[PDB]
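If you want the building blocks of each chain, they are given just below.
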Amino acid sequence: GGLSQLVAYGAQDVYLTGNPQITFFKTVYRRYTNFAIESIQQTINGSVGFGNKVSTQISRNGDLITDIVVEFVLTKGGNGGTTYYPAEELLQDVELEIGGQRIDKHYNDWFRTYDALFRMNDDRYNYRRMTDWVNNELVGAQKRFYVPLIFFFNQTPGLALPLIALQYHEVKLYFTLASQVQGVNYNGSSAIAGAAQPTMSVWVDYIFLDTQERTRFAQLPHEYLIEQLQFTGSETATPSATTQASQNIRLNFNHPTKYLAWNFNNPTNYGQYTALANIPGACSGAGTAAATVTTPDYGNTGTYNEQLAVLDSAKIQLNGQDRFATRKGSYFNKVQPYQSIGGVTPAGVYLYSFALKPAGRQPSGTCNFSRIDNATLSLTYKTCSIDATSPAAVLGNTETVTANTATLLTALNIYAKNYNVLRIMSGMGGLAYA
Amino acid sequence: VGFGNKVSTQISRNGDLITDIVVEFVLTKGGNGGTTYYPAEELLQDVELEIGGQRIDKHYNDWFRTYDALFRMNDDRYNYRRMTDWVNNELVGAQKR
Amino acid sequence: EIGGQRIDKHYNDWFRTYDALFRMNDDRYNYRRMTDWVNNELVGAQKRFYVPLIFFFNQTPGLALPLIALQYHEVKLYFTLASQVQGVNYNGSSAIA
Amino acid sequence: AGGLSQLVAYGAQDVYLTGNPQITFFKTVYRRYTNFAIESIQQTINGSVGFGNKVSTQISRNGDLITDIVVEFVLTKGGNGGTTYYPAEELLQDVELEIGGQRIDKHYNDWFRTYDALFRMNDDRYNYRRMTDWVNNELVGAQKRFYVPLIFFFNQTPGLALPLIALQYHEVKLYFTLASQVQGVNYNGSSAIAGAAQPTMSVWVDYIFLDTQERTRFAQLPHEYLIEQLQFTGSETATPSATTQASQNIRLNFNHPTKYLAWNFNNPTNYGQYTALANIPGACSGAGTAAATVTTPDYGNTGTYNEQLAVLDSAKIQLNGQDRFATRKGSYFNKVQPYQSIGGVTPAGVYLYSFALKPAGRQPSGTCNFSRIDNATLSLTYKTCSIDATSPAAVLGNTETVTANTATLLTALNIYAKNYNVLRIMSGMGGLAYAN
Amino acid sequence: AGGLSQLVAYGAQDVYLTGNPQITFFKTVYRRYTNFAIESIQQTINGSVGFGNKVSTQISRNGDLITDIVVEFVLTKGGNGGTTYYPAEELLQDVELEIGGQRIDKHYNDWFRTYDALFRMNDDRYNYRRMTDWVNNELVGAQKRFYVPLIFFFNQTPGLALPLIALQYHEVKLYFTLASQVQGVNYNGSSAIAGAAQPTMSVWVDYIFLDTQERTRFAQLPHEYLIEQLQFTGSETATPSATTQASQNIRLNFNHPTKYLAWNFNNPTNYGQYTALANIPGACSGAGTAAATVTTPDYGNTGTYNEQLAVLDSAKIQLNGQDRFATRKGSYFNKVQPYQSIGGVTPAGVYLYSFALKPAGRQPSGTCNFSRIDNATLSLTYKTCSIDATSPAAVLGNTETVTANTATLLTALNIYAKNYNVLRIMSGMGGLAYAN
Amino acid sequence: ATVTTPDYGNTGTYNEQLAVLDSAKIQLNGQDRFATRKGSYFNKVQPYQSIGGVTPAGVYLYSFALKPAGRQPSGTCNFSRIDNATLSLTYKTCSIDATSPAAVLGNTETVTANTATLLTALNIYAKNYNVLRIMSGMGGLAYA
Amino acid sequence: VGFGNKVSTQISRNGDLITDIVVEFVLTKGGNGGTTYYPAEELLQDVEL
Amino acid sequence: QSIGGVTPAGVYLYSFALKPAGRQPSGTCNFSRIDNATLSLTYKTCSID
Amino acid sequence: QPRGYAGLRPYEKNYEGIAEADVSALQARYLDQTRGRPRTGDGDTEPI
Amino acid sequence: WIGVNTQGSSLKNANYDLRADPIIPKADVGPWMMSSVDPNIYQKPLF
């Protein structure tokens, strides 16, 4: 049996097993510090409702904080298929403030873009179960959604924010709730009579440290290498059915950037990054007589069908020099994620990494835009020649074209993720670089 | 071995260390597709591990189901399901290991 | 197997081949008497058969395994029973009800 | 090439076989030996020979040592082929060996049959049969000279040649009892055969002639010869029944280091019948046809390997109330024991249990000393005799634990034990070394 | 209880078996041996092979030592099953062994038949028959390859491997004579078979390849091999009459320390026929039915154990006018001698008388030195050939002193003697120590 | 008579005409170990010379030992030191009509019954000598 | 375990000394009340120590 | 094992003692040193008419 | 001989299996005492 | 291991009566039949 393999040994094995360093059959576990984790509700200041601004202050219950989950309770304003990640749409934005300094900020669209690029498999599925209705629920159904935040300290304990080391500084979360949420209080442009206002609660998971560890955090200076989001909105060089639109955007970005990400969208419909079409799932009623290529099948707003995307090609130019050769939109949609993330990105969402592994915590190559005068994103759009109401026109067409309904994707959202340092000393914190 | 029976085995001292253990079963379908649910997992009601006569641990069919429900995922979970159930619409009389 | 180490392995066909070559005369006839029905027995007949093993220690006292010198090693035999036995549970390809 | 391709295939795995070689196979050494010759000499029988008569002979010191002894008999068939079964063996009812007046040993016609059943084999067995029976379909009136070799310890090997030369003041005598009846020769079952002839008999001894110095050493030096002896008691059987499995516990009144026990169950009136009669080929007179009678054997085919006609279900030897070995089935004693210890085939109804590794040789190889057992016993369980012997289907298709209704006729049990003793010869005299 | 109960039962009588033990049965130590390899190498045949031809082969010096030699033949059947009897054995009429131009030995087809009749047995004998005859009811036109192993002293044991290596200046050759006719192959009795194939032949020698040290010693050292030789003379038989008992005194022109004598009576017309023909099953062509004749044998069943068809009533061997042993009956030589000395079964018409304890072996065990005996004579008494061979009752029911009238056809007598001599090899040359 | 099913009680036979091996040789390290011999040589002669028993047709033996049936080493082929070892077989032509008795019984050396084609499996066995070392309560084979 | 079978156990070293030993059996009646007599006793043909 | 009498159905005993029926203090189970001694029961299905 | 030993088809001298005791040694007792009462441990000793 | 012999080779010729027999020391009187039976002396007799 197995012995016949052990004896099969010679010079070619020496590089693999000679003077062996490790085994696999005995693990040394590392003794760790003594700690405990508790989920504690924060008080929401202000008034919760659609379109309102509320805020919360994180209470000093524990020593460090990590995960933050914002609970929302919404009721369906219509039947199954009318909503799309509505809890995500609702949390329009969240701003992180430490010591009165703006540290970071996320947007509903970022949560959608981020998810589209970085979550995957059953992480992504379980993730949707917490922000949408995915079991064919009907009008009036009530659900509590759990929207995790994705600030640096909300992703790893390694960057738990040491509130204990911030005795003098408040840590606050400022939230903007959307004026409308699709399939909840509005249906496209129409209001839904009788829709309920949201119930909201913010939960913070706090780490309790024992004496030696707590003391070190409280007294020692720290430098936490964290990530931040940069974001600007732009008008899209709106696609046309007659030609190929083009655009060159100087990006007002800074800091060592692990990656850029972007999408084109129809601001009317949360998560719509692609054109509408009369092909199954691509529009409300798609595939039948009732199909309308003016309204999405909200429950199926996102798609992997690149025919409905609008980016033909793109490049990033730095101070007049090409950073890389121009690549097709499908490179940025399918290859980049293959190489850098290992997940599957929806059509209309694009990524370009400067990092070997942008999805991780450890720096693995960055582009420092603080040293670049003219960082320009060059975008070439597809020609919107396809009659979206004819599935044959869509499904049988060429690489350089898209749906006539693709011209509705008039908004452009460009994101960048970078590294910075959150310095903490003598009970206070703030960023090393602006 | 049979339904409702308690059986046991002593692990043979053939190698130096042991890791993975797989229990094989051969089951047949007593009805059509849609009638079973992880039947090999259901069948193995529980397993108790003993060293030198001392209990070390014990798993239950329900635990296997709970464990799977919580800790396996994606294609690991599907591949697991393939190893304990009939998932290609097999019919009555079908035999599977 | 000794101490978990495989020492040897024989097959029904080996016993037949071995016999065909190395046994003889009345030892062979008696062997046949211990493994078959040689007196024109009929259906339903019952007999106890004795199949001696042919491992080295089963051939001479000179090689008797020293269980006494194997204080830490077991001597074990493993057997596989045939899926079918001709004229006992099957007749060529047919099962015998 | 050729064979050299094998010689060059040499390495560490060969050292245990050929390194520092001790022997070769391609040059043998024969040992030089003494100068001796073998002469076959007729001895004088003292007494009348006939059926039921008892005679004796004294072996003359014609040579120095004696080995083989052959008793010649001449019989005429009292019926046709198929009516006799080893009749010269049956005829010599028994033989006693006496040295110095001490009884050294004794063999019985049945022992010769049991011994043969267990220890002779193949052509050795057939050739033996050719010297004691009619095996070429001879007919009534056919005359044949039979040779019955004796099986006393000095008849087994030159190595135990009896040193008559060293027994100057003691005589060696054999006593032979001739059976009152021999089947198919002077009686057919219970019926006397009119006109049957009385046997002609002669005893021959094969004597070893040694040279001057070899003779001197044997004549003058004391010698201790390791010999075999046969212990034997005949007894009744807990006769098998068609209604129940009979059982029996027989105290074994044995002594001495015993190599093995041997036994059989037989029909007291049919020589060599260790199995039940049946209407299956060879198992009864007329078997295979309408006239078959399961009260009389096909004498020429008395012996059989068909276990279904045997009567022992199981047996064990118990010593001082304790099991000596696990209870085994009758078929174990009949088939496996001799497979393991002898290498021949034993006929159904004949059983062996060895306390020795190689009981068929002369060299001691493990013994049970019954002189050190208070209460040895042979425990026997019999098969149920429920099978209708007149119907071959009933016989051929039956189960392990049953036998023929005619199996209850095997009422006799013969238990033998073969042991060692020492025959001490000194100053011209000799007798058995241990009394018990 | 159990085996431990036997060990504890120790007494005075165990001391002579296990006290101060010398050996154990449970620890066999095997001897390390010189490394070697065996290769079967085809030899050429000088001269076309066919019936009646004389051909020969020189053994090549391919290896160092030689043992087994097998002659292959391909024969065809000139009639159906039952028409042949050991035809490959018959075909190899003889073989001579010559070293350096001088004869060492010579074997003949009849010897191979006699040798087999006496010394092979059981399955060995059957397997041999399977290599020399057609034993599965093959039909006319059937063709197969037949093997006839040689039986010269070096062909029976590695211990006598012939040191071709030590015979650097002397060739070793085998000369073969093919029979002019072979029954059931090219002739049916006296009638030639039209279209009969001539035999294909091949001679194979098994060579031993020695390692360096063993090889060197054999090449350089002188050697002495104690070997056997076969002496043989065919002669006129005092053919039995139906009116009386023929008798004969045959001067035996034998020499050397003879191990044993052997002989047979035969009908030279029919190879292997050592007995009278008769109308009893297997004893003649068509025996048992309307077509039976006692002029032709059932060739496939030529050999028989029915002594009624044998021609020797009794015999003795005289040495210088002194009876060697008392006169014994033909069945003593046919049945008792081989029982005692070989352990196999000898067919009717074949006789053995040993001067040795173990004539079937290689180790000397008592011999008759005929080189010291002026007059060695075999004295024979024949049976009266008065039984009507065509009437099975007449044969099967006959008396000890008579045989079938057809016994008169056994006019040829073959007397053999196997003896020891020494083959000496030195300085590359060799031959025998004694000339006679 | 059906030549697709054996008389099970008489499955084995000594009738060489039903054998399927015409001839064979063993080749070691690209060179012949012995000259090719007929199937009947392996079936009848090897056993004659080395065992003294009688081997059924269809079963073959080639000994490297003088006395392979014993326990005492008497010559071995060490395949552990042979890079290449091959058994070379030649089969008989299975042209004989098995259902027509004369066709079998009266045929030649290189042919057999058409039913020979059904013997599709080949089982090759070898017996070698190793050392079982036992000491201090444990043991195993010296040469794994 | 079954009718006519020979089975055995090696007692494990769970404790230091042992006393009571009880063999459990599960049997099903092959007939009505009155047809059995101490059947678990009849079943345990023997036991060796 | 512990009493030698016969107990009616529905009444159960588990001894921590060698001889619970006697006065002598054979072995005992000290619950004053045991955190949550628990009796775990499994009931039969009451399906029979 | 033309081909030298390629070294292929190797073996390992004196390969013993894992030691398996037949005596079946007693199970090892624990090192942590039984968690009895957590707050009223070792009796109370009520007075008169 | 299996126990000493409380009887051994002594009970071959035991005393029927209860009066202890006079001990005869077995000491090879004859050079032929030696008679391996033991003496069998009573330990604590009736007296």
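Our subject in this report is the structure included herewith.

Right, let's get into the interface of chain F and chain C. Each side of the interface is counted separately: chain F has 28 residues, and chain C has 29 residues. Roughly 2200 Å² is buried in total at the junction of chain F and chain C, and carbon and sulfur atoms are behind 65% of that figure. For the pair chain F and chain C, the number of links is 0 salt bridges. Taken together, the connections running from chain F to chain C amount to 9 residue pairs in polar contact. Among the elements of the structure, β7 (132-135) and β8 (138-141) of chain F are those that each provide at least two residues to the side of chain F that touches chain C. By residue number, the principal contributor to the side of chain F that touches chain C is β8(F), which donates 4 residues. Of the residues in the side of chain F that touches chain C, the class split is 16 nonpolar, 10 polar and 2 charged.

For this structure, the chain pair with the highest number of contacts among 21 pairs of chains in contact is chains D and E. Taking C-alpha atoms only, the smallest gap left between chain B and chain H, which are not in contact, amounts to 16 Å. One thing to see here is that chain I and chain J don't touch, and their nearest C-alpha atoms sit 17 Å from each other.

Here we take up the environment of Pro222(E). All names here are of chain E. Structurally, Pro222 can be placed in the loop between α6 (212-220) and β11 (223-236). Judged by its relative accessible area of 57%, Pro222 is exposed. Separated by 90 residues in the primary sequence, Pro222 and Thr132 place their C-alpha atoms 38 Å from one another. In contact with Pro222, other than residues within four places in its own chain, are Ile425 and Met426.

Bringing the sheet that holds strand β2 (residues 54-58) of chain E into the picture now. All names here are of chain E. Here we have 4 strands laid out as an open sheet, ordered β2-β7-β4-β5, and antiparallel in their pairing. Of all the strands in the sheet, just β2 and β5 (102-108) have a single pairing partner and so form its edges. Pairs of neighbouring strands in the sheet enclose a mean axial angle of 20 degrees, with direction left out of account. The pairing of strand β4 (residues 92-99) with strand β7 (residues 172-178) spans 7 bridges and is antiparallel. The residue bridging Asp94 from the neighbouring strand is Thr177, located in β7.

The next thing to look at is the environment of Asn333(A). All names here are of chain A. You can see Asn333 is positioned in helix α7 (residues 329-340). On a C-alpha basis, the gap between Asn333 and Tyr350 in space is 4.8 Å, while along the polypeptide they are 17 residues apart. When residues no more than four places from it in sequence are discounted, the contact partners of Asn333 are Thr345, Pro346, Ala347, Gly348, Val349 and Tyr350. Within the local environment of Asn333, its side chain forms a polar contact with the backbone oxygen of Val349, the two atoms lying 2.8 Å apart.

Residue and element names in this part refer to chain D. Enumeration according to the criterion identifies 62 salt bridges over all chains in this entry. The salt bridge involving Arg120 is made with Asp116; its shortest N-O contact spans 3.0 Å. Its relative accessible area of 1% is what places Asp116 among the buried residues. For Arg424, the salt bridge identified is with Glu224, shortest N-O distance 3.0 Å. Linking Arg424 in strand β23 (residues 412-426) with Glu224 in strand β12 (residues 223-236), this pair joins segments that are 200 residues apart in sequence.

With 82 residues of chain E at the interface, the matching set in chain D holds 80 residues. Summing both sides of the interface, chain E and chain D together bury roughly 6900 Å²; the carbon and sulfur share of this comes to 56%. On the surface where chain E and chain D come into contact, there are 3 salt bridges. The interface formed by chain E and chain D contains 44 residue pairs in polar contact. By residue number, the principal contributor to the side of chain E that touches chain D is helix α7 (residues 330-341) of chain E, which donates 7 residues. Partitioning the side of chain E that touches chain D into residue classes produces 40 nonpolar, 27 polar and 15 charged.

Overlaying chain E with chain D gives an RMSD of 0.4 Å, the required rotation being 120 degrees about an axis along which the chain moves by 0.1 Å. Seen this way, the second copy is the image of the first under a three-fold rotation axis. In terms of C-alpha distance to the rotation axis, chain E has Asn122(E) as its closest residue, with the C-alpha 3.4 Å off the axis.

Another aspect to go through is the sheet that holds strand β1 (residues 36-43) of chain E. All names here are of chain E. Ordered in space as β1-β10-β3-β6, the 4 strands form an open sheet in which the pairing is antiparallel. Two strands lie at the open edges of the sheet, namely β1 and β6 (143-149), each paired on one side alone. With strand direction ignored, the average angle separating the axes of adjacent strands in the sheet is 25 degrees. Relative to strand β10 (residues 200-210), β1 is paired through 8 bridges, and the arrangement is antiparallel. Pairing of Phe36 across the sheet is with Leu210, part of β10.

Moving on to a nonpolar patch on the surface. All names here are of chain B. A surface patch of nonpolar side chains, about 530 Å² in accessible area, is lined by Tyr60, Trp63, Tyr67, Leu70 and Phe71. For the nonpolar patch, the leading source of residues is helix α2 (residues 61-71), giving 4 residues. Here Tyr60 lies in strand β3 (residues 54-60).

Here the focus is the pairing of strand β19 (residues 376-382) of chain E. All names here are of chain E. Most of β19 is tucked away, with 6 of its 7 residues classed as buried. With 5 bridges connecting them, strand β12 (residues 247-251) and β19 associate as antiparallel partners. The residue of β19 that forms the bridge with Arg251 is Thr377. Here strand β14 (residues 312-319) pairs with β19 via 7 bridges, running antiparallel. Following the sheet pairing, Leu312 is matched in β19 by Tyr382.

This part is about the packing of helix α5 (residues 122-130) of chain D against α7(E). With their axes 10 Å apart at the nearest point, α5(D) and α7(E) run at an angle of 140 degrees to one another. One element, α5(D), and the other, α7(E), form an angle in the oblique class. Here the hand of the crossing between α5(D) and α7(E) comes out left-handed. Listed contacts from α7(E) to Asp124(D), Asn127(D), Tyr128(D) and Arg130(D) of α5(D) are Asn334(E), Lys335(E) and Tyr339(E). When grouped by side-chain class, the residues that make up the contact of α5(D) with α7(E) number 2 nonpolar, 2 polar and 3 charged.

This brings us to the packing of aromatic side chains. Taken as a whole and assessed by the stated rule, the structure comprises 101 aromatic pairs over all chains. Seen in terms of ring centroids, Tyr50(C) and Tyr332(D) are 6.4 Å apart; in terms of plane orientation they differ by 50 degrees. Their pairing is tilted. With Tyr50(C) in the loop between α2 (25-33) and β1 (90-91) and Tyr332(D) in helix α7 (residues 330-341), the pair connects residues from two separate chains. Each member of the pair, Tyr50(C) as well as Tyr332(D), is classed as buried. Sitting over the ring of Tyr85(A), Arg128(A) keeps its end group 4.9 Å from the ring centre. Directly above the ring of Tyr38(B) sits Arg65(B), whose terminal nitrogen or CZ lies 5.8 Å from the centroid.

What follows covers unusual backbone geometry. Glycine aside, a negative phi is what most residues show, and trans is what most peptide bonds show. Residue and element names in this part refer to chain G. Notably, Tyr38 is not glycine yet its phi reads approximately 40 degrees, a positive angle. Position of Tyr38 relative to the elements: it lies in the segment before α1 (39-43). Look at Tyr38 and you get partly exposed, because its relative accessible area is 47%.

Rules and cut-offs
- Residues numbered from 1 in each chain as written, not as in the entry; some residues may be left out.
- Chains lettered and ligands numbered in written order.
- Part of a larger assembly, values for the part shown.
- Heavy atoms only, no water.
- Residues with missing side-chain atoms left out of burial classes, pairs and counts.
- Contact = heavy atoms within 4.5 Å.
- Buried area = accessible area lost by both parts, 1.4 Å probe.
- Salt bridge = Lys/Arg side-chain N within 4 Å of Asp/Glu carboxyl O.
- Polar contact = N/O pair within 3.5 Å; in protein donor to acceptor, adjacent residues only side chain to side chain.
- Helix = DSSP H or I, 4+ residues; strand = E, 2+ residues; numbered from the N terminus.
- Nonpolar A, V, L, I, M, F, W, Y, C, P; charged D, E, K, R; others polar.
- Buried < 20%, exposed > 50% of the residue type's maximum accessible area, 1.4 Å probe, protein only.
- Pairing = 2+ DSSP bridges.
- Axes fitted to C-alpha atoms, helices over the stretch in contact; angles between N-to-C directions.
- Least-squares fit on C-alpha atoms.
- Patch = residues over 30% accessible without salt bridge, like charges linked within 9 Å, V, L, I, M, F, W, Y side chains within 5 Å.
- Areas by Shrake-Rupley, 256 points an atom, 1.4 Å probe, with all protein chains shown as cover.
- Parallel < 35°, antiparallel > 145°, perpendicular 65-115°, else oblique.
- Left-handed = near helix turned anticlockwise from the far one by under 90°.
- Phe/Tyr/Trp six-rings, centres within 6.5 Å; stacked < 30°, edge-to-face > 60°.
- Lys NZ or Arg CZ within 6 Å of the ring centre and 35° of its normal.

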